[PDB]
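In the form deposited in one PDB entry, a lone chain appears below as structure tokens.
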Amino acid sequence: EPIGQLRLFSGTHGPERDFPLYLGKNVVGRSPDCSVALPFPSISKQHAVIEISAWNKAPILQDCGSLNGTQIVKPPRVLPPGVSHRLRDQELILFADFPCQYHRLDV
């Protein structure tokens, strides 16, 4: 059962898509093996990981040394690879140039 969601906003690539997030490691990448599978050449095969230890705790975001990077939107900062980021409800993140928004979900 999904305990969060990453919304990939619509844009020139096409319509909005929501990706369910689950307890444990949710890898963001350009592969169908990823919890957040993003079929864009600018996303790396293993781009980022969102690790959710507990439904009652903030997910932890890390970039995995991607080519095009992961950026926090506010305050606007590149997330250096391997540095942990506590993801807040409603927070925007950029994977390469694609904005995404995290939301914690009910079941």
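Position 1 is the first residue in the sequence shown; the rest follow in order.
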Of 6 to 14 and 92 to 100, the one with larger mean CA B-factor:
6 to 14
Mean CA B-factor: is it higher for 29 to 37 or for 60 to 68?
29 to 37
Taking the C-alpha B-factors as the PDB entry records them, is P76 in the lowest, middle or highest third of its chain?
lowest
Among the modelled residues of its chain, the C-alpha B-factor of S44 falls in the third labelled middle
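Another form, the form solved in complex with a partner chain, is not on view; read the next lines as being about it.
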Considering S35, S31, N68, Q62, which brings a non-hydrogen atom within 4.5 Å of the partner chain in the bound PDB entry?
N68
So in the bound PDB entry, does any heavy atom of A96 sit within 4.5 Å of the partner chain?
yes
Is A48 close enough to the partner chain in the bound PDB entry to count, meaning some heavy atom within 4.5 Å?
no
Can you work out whether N26 and the partner chain are in contact in the bound PDB entry, taking contact to mean some heavy atom pair no more than 4.5 Å apart?
no
Under a 4.5 Å heavy atom criterion, is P80 part of the interface with the partner chain in the bound PDB entry?
no
